[PDB]
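Novice: Under the authors' numbering, think of the first position of the sequence shown as 3, with each following residue one higher.
All C-beta atoms in this analysis are idealised placements derived from N, C-alpha and C, irrespective of residue type, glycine included.
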Amino acid sequence: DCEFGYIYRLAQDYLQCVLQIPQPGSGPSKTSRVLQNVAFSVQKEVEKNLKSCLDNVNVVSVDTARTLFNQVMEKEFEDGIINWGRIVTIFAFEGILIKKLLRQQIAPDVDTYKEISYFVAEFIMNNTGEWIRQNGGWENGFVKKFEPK
Ligand SMILES: */C=C/C(=O)N(Cc1ccc(Cl)cc1)c1ccc(F)cc1
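1) Let me know the alpha helix (DSSP H) ranges lying completely inside the region 42-116, each 4 residues or longer, listed in chain order.
2) Sorted by chain position, which residues of the same chain lie with C-beta nearer than 6 Å to residue 156's C-beta, five sequence neighbours on each side aside?
3) By the DSSP assignment, the alpha helix (DSSP H) with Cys19 in it spans what residues?
4) Since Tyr16 and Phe93 should fall inside the 8 Å C-beta cutoff, what is the C-beta to C-beta distance between them, to a whole number of angstroms?
5) From which residue to which residue does the alpha helix (DSSP H) around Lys147 run?
6) Going by the C-beta, is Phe95 closer than 7 Å to any heavy atom of ligand 1?
7) Please report the straight-line C-alpha distance between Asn137 and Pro110, rounded to a whole angstrom.
8) With C-beta atoms as the reference, is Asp3 less than 8 Å away from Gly131?
9) Please name the residue in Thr33, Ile100, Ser34, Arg68 whose C-alpha comes closest to that of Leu21.
10) Around the Cβ of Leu52, are there at least 16 other Cβ atoms within 10 angstroms (buried) or fewer (exposed)?
11) Determine the DSSP secondary structure at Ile23, reduced to helix, strand or coil.
12) Compute the distance between the beta-carbons of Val145 and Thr33, then report whether it is under 8 Å.
Structure, rendered in structure tokens:
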């Protein structure tokens, strides 16, 4: 679960959850199901608290979304501290960007949404991957902290 493949699937699962397009074969993992729950809760909070801010930007391509996402990541982790709450926050932001991109993309390609999932997993992997592993990974760190009590 420290690998890219795992984090990519978590980011793509979150996207399909936001887009209301779930895959039929089996469904998401307990880990993804716990994540979609806590990340959606955060996303709605960020949507309300950042209302004015969001309604001003225009996400017209995957490249425009990569830039906005990097900008948000730059200010989310500027103090250098990582915690599960901030990791959940990354997922919430890709959800905000996919909603905006569905609404404002110049060439509405359906194969662009999986590119968001790619640069989200790349960011998580390269910038928080080590912290995640040392804190228990997804199945012994994230789930144990956020699964229903
Ligand atoms: C409204 C401020 C701004 O221009 N930001 C750009 C932005 C990036 C990503 C998303 Cl999902 C919406 C808007 C901005 C917002 C929040 C930040 F933490 C940094 C930059």
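Specialist: With the given structure in hand:
1) 53-56, 64-78, 86-106
2) In the structure as shown, the chain begins at 3 and stops at 151. Residue 156 is therefore absent and cannot be evaluated.
3) Locating residue 19 in the sequence shown gives position 17, counting from the first residue. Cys19 -> alpha helix (DSSP H) spans 6-20.
4) Sequence index remark: in the sequence shown, residue 16 carries index 14 (1-based). Sequence index remark: in the sequence shown, residue 93 carries index 91 (1-based). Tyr16 to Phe93, Cβ: 5 Å. Contact.
5) On the sequence shown, position 145 is the one that residue 147 refers to. First-last of the alpha helix (DSSP H) with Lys147: 145-148.
6) The sequence position of residue 95 within the sequence shown is 93, counting from 1. Result yes, Cβ under 7 Å from ligand 1.
7) Residue 137 sits at position 135 when you count from the first residue of the sequence shown. Residue 110 sits at position 108 when you count from the first residue of the sequence shown. C-alpha separation (whole angstroms): 39 Å.
8) Here residue 3 is taken as the residue at index 1 of the sequence shown, counted from 1. Here residue 131 is taken as the residue at index 129 of the sequence shown, counted from 1. Contact: no.
9) The residue given as residue 21 occupies position 19 in the sequence shown. The residue with the shortest Cα to Cα distance from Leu21 is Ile100.
10) On the sequence shown, residue 52 is found 50 positions in, with the first residue counted as 1. By the 10 Å Cβ count, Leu52 comes out exposed.
11) What you label residue 23 is simply residue 21 of the sequence shown in a count that begins at 1. DSSP places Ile23 in coil when its eight states are reduced to three.
12) Position 143 of the sequence shown holds residue 145. Position 31 of the sequence shown holds residue 33. Contact: yes.
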